[PDB]
Structure formats: structure tokens, C-alpha cells
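Structure, as C-alpha cells:
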Amino acid sequence: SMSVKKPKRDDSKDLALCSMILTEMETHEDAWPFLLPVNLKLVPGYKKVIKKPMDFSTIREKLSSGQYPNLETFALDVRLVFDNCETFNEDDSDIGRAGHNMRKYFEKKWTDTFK
Ligand SMILES: Nc1ccc2[nH]ncc2c1
């Protein structure tokens, strides 16, 4: 509270570390459904169903331009990619499996790096 400061974690390396994690996701072989925005003109249903589209290239642009206030907002956008994937794809599909794989991959990197 006012004038009562909690010790806080050193956050000076957060930007660099999120960038490295995002690089590892960008170069994963199962990243292909997530590298660019879904084409809302060509994919039926996506625009109406998925209220907040997100993809790795958009996360990279936001990270590179100071649009994440902290590392938690970065993780929220990453998880949004995989939550959108589950909403729109059957678990059994190639894209559905890719999303579950990438989520697992991310969360381990996240835990190992920050927790
Ligand atoms: N053609 C095609 C098939 C499955 C898809 N999931 N998301 C986009 C998309 C496009």
C-alpha cells in the first residue's frame, strides 16, 4: 500500500527472455498454423467466432514495439493463440494437435524461465 513497498523481481531481462521464447516457438516445426494471422476473408466462420484473433507474427510486432507492459500480458497473448486454436479446431485435427503441442512447449519454457 502507500509507501509500503513489497520486494519485486528483477524484470530487466524479461524482454530478452520473452523474445528468446518467442523465437523458439517461431521455429518449432508445429508452429505453421500460428505464424501469420488467419485470413478472415478466406476462412469461413473465423471472423464471427473468434473475437480476439492472435498469432505469432502479431505477438512479435507487439513485443518489438513496446506494446507489452509486462511479461504477464505477453503470456496472455501467447495463450490466446492456443485458446483460439482449441475453439476452432477439433483435438484430433492436424491443427488441433499442433496447438496442444505448442501450448505444452510454451508452458514448459515459461515455467523453466520464470518460475
Ligand atoms: N482450410 C482450412 C482448414 C482448417 C483450418 N483451420 N483454421 C483455418 C483453416 C483453414
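By convention here, the chains of the C-alpha cells are called A, B, ... in the order presented, each chain's residues are numbered starting at 1, and ligands are numbered starting at 1 in the order presented.
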Report as a Markdown table the residues of segment 24-96 of chain A within 12 Å of segment 104-108 of chain A, each with its shortest atom pair and distance in Å (one decimal), using only C-alpha atoms, ordered by chain and increasing residue number.
| residue | atom | partner | partner_atom | distance |
| --- | --- | --- | --- | --- |
| A:24 | CA | A:106 | CA | 8.8 |
| A:25 | CA | A:106 | CA | 7.2 |
| A:26 | CA | A:106 | CA | 10.9 |
| A:27 | CA | A:105 | CA | 11.8 |
| A:28 | CA | A:105 | CA | 9.1 |
| A:29 | CA | A:105 | CA | 11.5 |
| A:30 | CA | A:105 | CA | 10.3 |
| A:31 | CA | A:105 | CA | 10.7 |
| A:74 | CA | A:106 | CA | 11.9 |
| A:75 | CA | A:106 | CA | 9.2 |
| A:76 | CA | A:107 | CA | 11.6 |
| A:77 | CA | A:106 | CA | 11.9 |
| A:78 | CA | A:106 | CA | 8.3 |
| A:79 | CA | A:106 | CA | 8.8 |
| A:81 | CA | A:106 | CA | 11.2 |
| A:82 | CA | A:104 | CA | 10.0 |
Could you list, as a VMD selection string, every residue within 12 Å of residue 9 of chain A, counting only C-alpha atoms and ignoring same-chain residues fewer than 3 positions away? chain A and resid 6 12 to 14 70 to 71 114 to 115
List the spatial neighbours of residue 16 of chain A as a list in words - criterion: any atom at most 12 Å away, only C-alpha atoms, same-chain residues fewer than 6 positions off excluded.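 Selected residues are residues 22, 23, 63, 64, 71 and 113 of chain A.
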In Å, how far is it from atom CA of residue 17 of chain A to atom CA of residue 61 of chain A?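 Straight-line distance from atom CA of residue 17 of chain A to atom CA of residue 61 of chain A works out to 15.6 Å.
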Write out as a tab-separated table the residues of chain A that have any atom within 10 Å of an atom of ligand 1, one row each with the nearest atom pair and its distance in Å to one decimal, counting only C-alpha atoms and all ligand atoms, sorted by chain and then rising number.
residue	atom	partner	partner_atom_place_in_ligand_line	distance
A:33	CA	ligand 1	7 (N)	7.5
A:34	CA	ligand 1	7 (N)	9.5
A:37	CA	ligand 1	8 (C)	9.8
A:38	CA	ligand 1	8 (C)	6.5
A:39	CA	ligand 1	8 (C)	8.0
A:40	CA	ligand 1	8 (C)	9.2
A:42	CA	ligand 1	10 (C)	8.1
A:43	CA	ligand 1	10 (C)	5.7
A:44	CA	ligand 1	10 (C)	8.2
A:45	CA	ligand 1	8 (C)	9.3
A:46	CA	ligand 1	8 (C)	7.6
A:84	CA	ligand 1	7 (N)	9.7
A:85	CA	ligand 1	7 (N)	7.7
A:88	CA	ligand 1	6 (N)	6.8
A:89	CA	ligand 1	6 (N)	6.2
A:90	CA	ligand 1	6 (N)	9.3
A:93	CA	ligand 1	4 (C)	8.5
A:94	CA	ligand 1	4 (C)	8.8
A:95	CA	ligand 1	6 (N)	6.6
A:96	CA	ligand 1	6 (N)	8.5
Just to be explicit: take each residue in the selection above, keep C-alpha atoms, and write the result as a short mmCIF file (atom, residue, chain, number, x, y, z; two decimals), in the first residue's frame.
data_model
loop_
_atom_site.label_atom_id
_atom_site.label_comp_id
_atom_site.auth_asym_id
_atom_site.auth_seq_id
_atom_site.Cartn_x
_atom_site.Cartn_y
_atom_site.Cartn_z
CA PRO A 33 -0.76 -22.76 -38.20
CA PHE A 34 0.20 -19.84 -35.94
CA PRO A 37 -2.95 -14.08 -38.91
CA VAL A 38 -5.79 -16.31 -40.08
CA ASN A 39 -7.07 -14.84 -43.35
CA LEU A 40 -10.51 -13.62 -42.30
CA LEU A 42 -10.85 -16.82 -46.87
CA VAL A 43 -11.65 -18.83 -43.75
CA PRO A 44 -15.39 -19.32 -43.16
CA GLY A 45 -16.61 -18.72 -39.64
CA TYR A 46 -13.36 -17.42 -38.17
CA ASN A 84 -8.40 -19.72 -30.23
CA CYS A 85 -6.97 -22.87 -31.82
CA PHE A 88 -12.00 -23.55 -33.84
CA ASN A 89 -10.28 -26.92 -34.31
CA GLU A 90 -11.06 -30.48 -33.28
CA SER A 93 -7.08 -32.47 -36.42
CA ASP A 94 -3.51 -31.68 -37.54
CA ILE A 95 -4.01 -28.07 -36.42
CA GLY A 96 -5.67 -29.13 -33.17
#
Closest to residue 55 of chain A among A:36, A:15, A:4, A:20, using only C-alpha atoms?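 With only C-alpha atoms as the atom set, the closest residue is A:36.
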Using only C-alpha atoms, can you tell me which of A:18, A:35, A:80, A:102 comes closest to residue 50 of chain A?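 Checking each candidate against residue 50 of chain A, we get A:80 as the closest.
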DSSP-assigned helix (DSSP H, G or I) members of chain A, reported as a ChimeraX atom specification: /A:14-26,29-34,46-49,56-64,71-88,94-114
Please, what distance in Å, to one decimal, runs between atom CA of residue 1 of chain A and atom CA of residue 69 of chain A?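 Between atom CA of residue 1 of chain A and atom CA of residue 69 of chain A the gap is 21.0 Å.
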In Å, with one decimal, what is the gap from atom CA of residue 86 of chain A to atom CA of residue 49 of chain A?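 Here the two named atoms are 11.9 Å from each other.
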